[PDB]
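Numbered from 1 within each chain, the chains take letters A, B, ... in sequence-line order.
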Amino acid sequence: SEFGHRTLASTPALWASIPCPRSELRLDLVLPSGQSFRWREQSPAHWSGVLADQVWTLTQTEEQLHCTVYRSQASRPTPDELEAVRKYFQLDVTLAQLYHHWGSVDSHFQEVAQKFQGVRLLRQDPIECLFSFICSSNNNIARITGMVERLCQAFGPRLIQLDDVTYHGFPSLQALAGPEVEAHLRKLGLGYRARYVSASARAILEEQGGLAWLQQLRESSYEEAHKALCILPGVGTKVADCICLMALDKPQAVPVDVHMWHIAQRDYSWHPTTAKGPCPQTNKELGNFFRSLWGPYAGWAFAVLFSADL
DNA sequence: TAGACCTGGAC
DNA sequence: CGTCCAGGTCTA
Ligand SMILES: [Ca+2]
Ligand SMILES: [Ca+2]
């Protein structure tokens with residue numbers, strides 16, 4: 001009881017709720033769907049990971065999101081900590097209102113969405129998001145997930161251990177910008193991305209002004225933020241869009257990848273107007289198409305289709 | 001605008 | 001067992 005990952009049943013007194021119907025959130029459709037790679041369903045229906053520098057286990061009932069934190073002296077989460085959870089899930093943003101708007105302007109969205117509710121965007125930490133996706137280029141969720149964990153185990157601060165799992169906080173810029181980081185990352189299997197991580201860490205601290213420069217992007221415009229991001233090695237148009245969408249508060253950002261193309265072609269008979277294949281210009285066009293169709297929160301809209309495809 | 005590219009399940 | 005493919009990016 002006192003050990004291992006908790007469950008709602010095992011330690012009732014250590015949990016606290018946040019009103020939240022499954023219609024507004026589905027942990028199982030959000031946490032493992034390629035937004036964040038830090039959560040694992042350690043026991044059925046319970047998800048554990050690092051959120052706001054601490055470890056949490058989350059699980060949900062029909063109307064409640066149950067939370068528990070592992071900071072000593074175990075106790076339920078405090079209202080402020082819970083606030084950190086609400087912020088992470090952007091619970092002030094109402095999915096029902098978004099699904100409704102999207103559905104009214106797109107019959108296809110209407111269909112699919114009725115079977116995949118509660119898909120929303122996580123508000124991620126800029127650093128974690130930047131380097132997580134630096135690792136995602138030309139790669140799959142399973143691998144990316146492993147790489148990211150190895151990364152944090154090797155360069156992130158040790159937080160706490162549960163069962164045989166040791167949680168780590170995400171690596172700081174300083175640690176990632178350190179000597180021989182690349183060589184160490186290659187031994188960990190990040191492939192050529194190993195250089196990207198190192199180079200982008202150095203690029204930020206040594207040529208852009210450090211952490212501040214990145215955080216500033218949240219107040220910056222989507223177009224600005226996206227442009228800024230693109231100078232960093234390993235970060236192309238797609239990765240940048242993922243970051244603007246998931247960390248820089250750019251909900252109109254639409255990351256186009258092979259997934260997006262297939263769906264665009266199959267479900268909307270979409271084809272390039274202004275090349276006939278996947279390239280900078282055609283990708284830019286596809287993103288505008290979905291933006292013109294769905295509106296200001298097109299990015300959220302695509303997540304519904306992206307994490308509903310299979 | 002065509003490959004070159006780390007890695008490991010899936011074909 | 002060689003060939004693909006994954007939330008692509010980068011370069012003659
Ligand atoms: Ca591909
Ligand atoms: Ca770049």
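Comparing the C1' positions of B/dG3 and C/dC4 gives a spacing of 16 Å, expressed to the nearest Å. C/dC10 and B/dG8: their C1' atoms are spaced 23 Å apart (whole Å). With both ends at atom P, the span from C/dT3 to B/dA4 equals 13 Å, rounded to whole Å. Only the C1' atoms considered, B/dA2 is 22 Å distant from C/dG7, to the nearest whole Å.
Residue contacts shown for A/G189 are limited to sugar-phosphate atoms, with no base heavy atom under 4.0 Å away.
More than 12 heavy atoms of other residues, nucleotides or ligands sit less than 6.0 Å from atom CG of A/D163.
Checking B/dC6 for Watson-Crick or G-U wobble geometry (two distances, each under 3.5 Å) identifies no partner in any strand.
Aromatic ring centres of A/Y268 and A/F109: separated by at least 6.0 Å. No close placement of the A/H108 and A/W294 rings is indicated, their centers lying 6.0 Å or farther apart.
The interatomic distance linking A/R193 (CZ) with B/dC5 (P) rounds to 14 Å, in whole Å. Rounded to a whole Å, the CD1 atom of A/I144 is 11 Å from the P atom of C/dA6. Rounded to whole Å, atom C1' of C/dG8 lies 12 Å from atom CD1 of A/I243. Distance CG (A/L190) to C1' (B/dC6): 9 Å, rounded to an integer number of Å. When the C1' atom of C/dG7 is taken as reference, atom CG of A/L310 falls 13 Å away, rounded to whole Å.
Ion pair A/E207/A/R202 not flagged as a salt bridge, since none of the NZ, NE, NH1 or NH2 atoms sits closer than 4.0 Å to an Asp/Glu carboxylate oxygen.
Listed candidates were C/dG7, C/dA6, B/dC5. Nearest to the side chain of A/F302 is C/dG7. With C/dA6, C/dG7, C/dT9 as the choices, the nucleotide that has an atom nearest any side-chain atom of A/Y196 turns out to be C/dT9.
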Short heteroatom pairs, N/O only, protein and nucleotides 8-11 of chain B, under 3.5 Å:
none

